[PDB]
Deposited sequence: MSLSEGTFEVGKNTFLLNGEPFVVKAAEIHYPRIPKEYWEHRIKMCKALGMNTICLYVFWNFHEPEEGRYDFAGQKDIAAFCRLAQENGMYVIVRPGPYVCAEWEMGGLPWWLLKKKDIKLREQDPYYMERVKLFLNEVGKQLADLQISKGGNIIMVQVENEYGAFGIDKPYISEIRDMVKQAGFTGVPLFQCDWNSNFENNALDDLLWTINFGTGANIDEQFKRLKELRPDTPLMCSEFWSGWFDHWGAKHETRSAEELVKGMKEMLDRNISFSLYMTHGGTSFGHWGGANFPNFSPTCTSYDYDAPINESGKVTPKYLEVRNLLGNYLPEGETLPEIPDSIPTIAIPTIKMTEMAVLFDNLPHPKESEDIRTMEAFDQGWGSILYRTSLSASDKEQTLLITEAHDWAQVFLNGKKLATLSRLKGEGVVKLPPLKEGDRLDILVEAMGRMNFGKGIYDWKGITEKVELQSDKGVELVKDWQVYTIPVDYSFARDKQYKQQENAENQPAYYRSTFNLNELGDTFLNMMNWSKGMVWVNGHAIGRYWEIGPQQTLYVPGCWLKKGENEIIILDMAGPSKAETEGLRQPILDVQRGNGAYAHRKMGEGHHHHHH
């Protein structure tokens, strides 16, 4: 076997193979970076002056269906770690089960919600059992990569900021035991929390660390920790810097100044850290999360205004941090060279030739007397259509959908009547006089499940009931035909394309030269996109994001295929490839209630 290296918690310092070592880590999310660019992004982190990469492990990404573990291709976290080792970069693993990170349900799998009374992030028998099985799989993948086994992994995390969730040491203790039983026994295990709550779940046999963002007061952050443990090395597990967007909210950026300063204060005290988002990348497909308690979906782009932008390019911020770090290098040391950027191409207008109307391409219906959530129909992602028939009526009636989780379109005999957005907490629809048998269609699109606090308990579809009010009172609407519309590329491809309402659009285009491009979705309403089978992510006319990053590595010389699922109908069925992204263009009326639009001068 390979020789055994070590990483230890020393006296006021970390020791890498017996020598003091300051962890200068780059936070990276392997699911948000095309597997073909992992190497490139790793090199960018290296030339930046980082010596370590911190990796959250996204549970639902690897086990989208109970029992169906996946660690191949984009999900091959071992491959990423090896790539990291091949570039002399150490790794710190945060194996979940919960990771937050503005990701779908904070990393927890939707199928856990199939158990109505499931209790998350505590010793619920079913939850704990799945956590143990998931961790064991992660162990089979990364345990042999611990530094103690010739690998590059120096530390492993126990849970994630539990202090901001509750107080349950027995739970944390069991999680710790599972991590150890999973195979991670050769390196130190650590906890991370806030200066104001780390004592609530702090275990004595574990390293304690603190998380905070730009503008924090270093001394005020570690003051208490030094008291409890005078000899413990200090580490800001996650230094949050930058800004991630939300649909319907103004785009923002953070100054390189404040960052460089914050990073210098810690460096000047030999305080270890992980720049929370050295490279954000993209929340491809349906993986983006959402804010809690006020539902707010994050944009597809996870640029974060990080040193390394979404497409992996150098930014003024990169240079400023690279130059800063370049000073704290060992005596007689030179920073590695900055890798060349990936070329960008502009693709000429692509006209969607084929079109397939969703209502004319429905899967088999699931029949249900009462309303049930999407998960109750064994679906975790995509859209879900609740259809029924209504009795005749002479006068107008009103429909109250009690919690269309996320975004719904309501149709009467195919004609759109209304659009209800969870961002505004809407739920009422006006019905005109009805004829016996009129068809009521309620198409509910599920966006990301909230990823913070109790937001993880986020059921999609219609959560409780649908009520009809008439001159005779209010009654529940029952007897439903339920159609689950999955996000699988396979489902989007298998449609009756031919040649207002929800539809799949398709077209092929030829390329003679490759490179990264940004699809202009300015002509479209809302939905998701696939290019050569890859799920590029969601888009929404309201912005701030208007383009979708498409990696050149997912493009091919010759014929390329693009499929777009548009929910409300485009202004024009065509898109184009730009060489620059659009992340600061908003459209339409406020997507949120005025008190959250953050602006008031002369409304009305």
Return the ranges of the deposited sequence not covered by C-alpha coordinates, sorted by sequence position.
1, 501-505, 611-612
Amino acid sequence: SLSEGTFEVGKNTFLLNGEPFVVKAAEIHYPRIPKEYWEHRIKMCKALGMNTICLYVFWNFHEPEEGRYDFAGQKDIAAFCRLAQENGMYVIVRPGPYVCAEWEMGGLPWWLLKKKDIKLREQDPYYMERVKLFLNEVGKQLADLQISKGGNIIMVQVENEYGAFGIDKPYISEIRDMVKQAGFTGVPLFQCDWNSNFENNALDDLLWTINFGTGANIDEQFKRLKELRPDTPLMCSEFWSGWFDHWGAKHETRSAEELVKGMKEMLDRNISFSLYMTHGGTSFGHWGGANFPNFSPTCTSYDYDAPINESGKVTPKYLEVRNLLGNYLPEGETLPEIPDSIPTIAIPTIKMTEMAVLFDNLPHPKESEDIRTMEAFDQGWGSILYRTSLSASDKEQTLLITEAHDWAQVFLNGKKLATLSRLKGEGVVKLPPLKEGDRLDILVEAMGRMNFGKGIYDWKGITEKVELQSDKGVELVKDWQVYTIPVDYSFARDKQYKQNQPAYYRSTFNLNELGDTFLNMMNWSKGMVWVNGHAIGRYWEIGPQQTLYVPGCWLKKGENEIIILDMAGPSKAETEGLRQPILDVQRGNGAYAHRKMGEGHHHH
From here on, numbers count along this sequence of modelled residues.
Check the entry's C-alpha temperature factors for 140-148 and 216-224, then say which stretch has the higher mean.
216-224
Between the two ranges 449-457 and 128-136, the one averaging a larger CA B factor in the entry
128-136
Which is it among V93, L434, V466, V99: the one with the largest CA B-factor in the entry?
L434
Maximum C-alpha temperature factor per the entry, among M266, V179, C192, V482, belongs to which one?
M266
Where the record places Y318 (Cα B-factor, split into thirds across the chain):
highest
Among modelled residues of the same chain, the CA temperature factor third for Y328
highest
Could you tell me which third, lowest, middle or highest, the C-alpha B-factor of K556 occupies within its chain?
highest
Within this chain's modelled residues, let me know which third the CA B factor of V22 belongs to: lowest, middle or highest.
middle
Mind checking which third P188 falls in for C-alpha B-factor across the chain?
middle
